[PDB]
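A.B. asks: Okay, handing you the structure first.
Residue numbers (PDB author numbering): 2 to 74.
The following block contains the structure:
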């Protein structure tokens with residue numbers, strides 16, 4: 002029952018790949034520290050111009066399949 006999500010936010014999709022990078026940068030924080038100490042770095046991220054699009058692009062590629070999973074596309 003259900004499965005197709007609807008994409009990840011620029012902050013999420015990056016914090017996802019970097020969330021891992023955050024706990025490494027601080028092997029003693031907390032799930033919530035990753036989300037906070039990441040945004041600070043993310044805001045001024047040069048991979049955000051190239052990653053922030055993953056989020057907006059995924060929102061489209063996902064809603065185009067995840068949302069359109071029933072009909073077709």
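Using N, Cα and C, we set each Cβ at its ideal position, and we do this for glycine too.
According to the neighbour-count rule (16 or more other Cβ atoms, all chains shown, within 10 Å of its Cβ), is residue 59 buried or exposed?
C.D. replies: By the neighbour-count rule (16 or more Cβ atoms within 10 Å), residue 59 is buried.
A.B. asks: Using 8 Å as the Cβ pair cut-off and three pairs as the minimum, do the segment 39–54 and the segment 3–18 touch?
C.D. replies: In short, these stretches touch, since the Cβ pair count reaches three.
A.B. asks: For residue 20, which residues of its own chain have a beta-carbon under 8 Å away from its beta-carbon, when the five flanking residues on both sides are left out?
C.D. replies: Same-chain partners within the cutoff: 35, 36 and 39.
A.B. asks: Once the 5 residues before and after residue 71 are set aside, which same chain residues still bring their CB inside 7 Å of it?
C.D. replies: Contacts found: none.
A.B. asks: Compute the Euclidean distance between the alpha carbons of residue 61 and residue 8, then round it to the nearest angstrom.
C.D. replies: Their backbone Cα atoms lie some 8 Å apart in a straight line.
A.B. asks: What's the call for residue 56, buried or exposed, on a 16-neighbour Cβ count within 10 Å?
C.D. replies: Per the 10 Å Cβ criterion, buried.
A.B. asks: Just to confirm the assignment, what range does the alpha helix (DSSP H) spanning residue 58 have?
C.D. replies: 49–63 is the span of the alpha helix (DSSP H), which, as asked, contains residue 58.
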